[PDB]
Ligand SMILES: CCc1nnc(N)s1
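The chain below stands alone and is given as structure tokens, in the form deposited without the ligand.
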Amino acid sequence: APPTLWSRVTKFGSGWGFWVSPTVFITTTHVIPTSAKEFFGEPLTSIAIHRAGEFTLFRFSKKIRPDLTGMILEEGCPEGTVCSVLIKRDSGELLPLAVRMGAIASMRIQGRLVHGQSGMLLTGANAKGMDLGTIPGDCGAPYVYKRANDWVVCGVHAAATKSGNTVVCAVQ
């Protein structure tokens, strides 16, 4: 995936979030610190927070990331699209895990009720563990794919099954 998409992935709470533009940051609701009253040096009162289940969007009154261009955010992707999940791991290692996307789904994953776009990892037979699959610390990592001449972001990492084969992306 291009260097400018990796530059948008920010360590945040117990996982990650993604800069769509200089003023828009998206993440998974459950990684947000529940006591937090300030983000990137800005008070809550100067932020527009839009939460739909496990999808949260922050819109800032000022340009936090002026090095960035605004890119397209869509509400999931067509069934069958192959996406990359942009996962950062220990010591500047970059893991763009390939996932074939499926239908909008509701699941029970480790007792928790999760809703979003389901997908199947294309990394191995069974992706149990950190070498071929996701870990809980990956929540908030973006789902991206390339169209003709450009890249789209279509959601953020919310959950994975105990086998590791099935993932859920939270969508706007």
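Superpose the two forms; the largest set of C-alphas matching within 1.5 Å is the rigid core. Note that residue numbering begins at 1 and tracks the sequence as displayed.
FYI, the form deposited with the ligand bound isn't displayed, but the following is about it.
- Residues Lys88, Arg89, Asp90, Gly92, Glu93, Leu94 are the ones in 72-111 with at least one heavy atom within 4.5 Å of the ligand in the bound PDB entry, listed in sequence order.
- Just one of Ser106, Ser46, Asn126, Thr69 moves its Cα by 2 Å or more between the shown form and the other one on a rigid core overlay, and this residue is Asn126.
- The pair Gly13 and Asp90 is at least 3 angstroms closer at the CA level in the bound PDB entry than in the present model.
- Wider separation of the C-alpha atoms of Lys128 and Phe55, by 3 angstroms or more, is seen in the bound PDB entry than in the present form.
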